[PDB]
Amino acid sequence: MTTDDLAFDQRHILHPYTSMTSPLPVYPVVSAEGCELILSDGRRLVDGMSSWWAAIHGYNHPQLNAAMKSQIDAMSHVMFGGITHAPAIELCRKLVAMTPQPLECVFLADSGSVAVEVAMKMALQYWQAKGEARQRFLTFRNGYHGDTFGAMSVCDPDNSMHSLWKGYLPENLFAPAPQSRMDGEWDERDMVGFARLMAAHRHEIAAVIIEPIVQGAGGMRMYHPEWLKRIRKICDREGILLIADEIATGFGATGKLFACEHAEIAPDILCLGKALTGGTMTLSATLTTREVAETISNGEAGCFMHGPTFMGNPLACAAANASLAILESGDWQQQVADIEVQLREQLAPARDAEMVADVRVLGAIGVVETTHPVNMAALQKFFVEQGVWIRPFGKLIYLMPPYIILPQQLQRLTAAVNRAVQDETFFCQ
């Protein structure tokens, strides 16, 4: 990669949620192996974010690689209309077996946002088919479900800037963010808001959608599992669908295979993505129950009306079959337990820093929330110089490393965090 390649990138290539007139610096990666990213100039970085961009088994994993390569020898892609293949069946068998019993019908898709769109369509088609006038979604504030329009309509209105689309996006019901912590105690006062809303709109709610236990992009919030239990029972009593969005929390991230395990409840609809392919390439899945899947197909449309071009992509399905196989061993449970301990123990000191507002850890996720917003360019440069790759945002410095990370690499990550929040050098902007 030349400097001219870099100039081209800056002037012509958009990047996630970042300015094209006032763009901050980017770092050129030429390859990756194990737990490290390798930049163009040869520097190696221990990646602390890997799992959040789905790389729970690190990079250049031999099994993942062999699987992808082999499937390429057989067939990278083939359409899924009127056709089926070994990789999609192996994957759906795994998805069905590993998730709660009632989740037995799978709709494969390309991305997480689409997976949420699908869930949202399912709920609406479901009630259309049963002749009920239900088009509203009840969610929590601080939730995040993707960037496409329907997904956006259940994202927190303040965090996602709904004033930008005011009059374009449908208006859903937003109950207050869960206050009870995962670490702590349950306070029944938390329920009043959700409850008030349920009463006023019980007859028009199509589904309760939430990220279980961890609210990711909307604040790395970690709340009490009793919440899920209450929501399931309320949905049970009122006859409402519950969508659980586990695109971020699935496949071991919170210490359990699925965050809903923390409460021993099953949603009617489950969204999955990210770690699903072990972070090799995009793929997603929306699981639902026989009752929903069948009901939808018995209505006016004769089917569930959705179906992406690359649906069921064999290359991506193989990658995921290999990713789930690594999890089959069960080694991750302990890998994460140990990562969980090391994060609590090694992030604790941040509770002593002037710039810190709170610290919280759950599974492979460690968050250090700061009092003031970070300076993106300056803090990013700092981390790179420590030989680590950590990507903050807003008032959040968080880690979610590969489950395979050696204690020596995780220690380097935590020290870099602890060092970044000691004074105000890297804060504000």
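Residue numbers here begin at 1 and follow the sequence given.
Set 222-230 against 156-164 and average the Cα temperature factors; 156-164 ends up higher.
On average the C-alpha atoms of 299-307 have higher B-factors than those of the other stretch, with 337-345 and 299-307 being the two compared. Across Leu287, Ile209, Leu276, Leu197, the entry's maximum B-factor at the CA atom is seen for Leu197. Based on the entry's C-alpha B-factors, the most elevated value among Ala244, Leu272, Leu108, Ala293 belongs to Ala293. In this PDB entry, the Cα temperature factor of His145 sits in the bottom third of its chain's modelled residues, the lowest group. Sort the modelled residues of the chain by CA B factor and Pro23 lands in the highest third. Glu132: CA B factor in the highest third of modelled residues in this chain (values from the PDB entry). In the deposited entry, the Cα temperature factor of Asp73 sits in the middle third of values across the chain's modelled residues. Residue-level temperature factors show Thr139 in the middle third of its chain, judged at the C-alpha atom.
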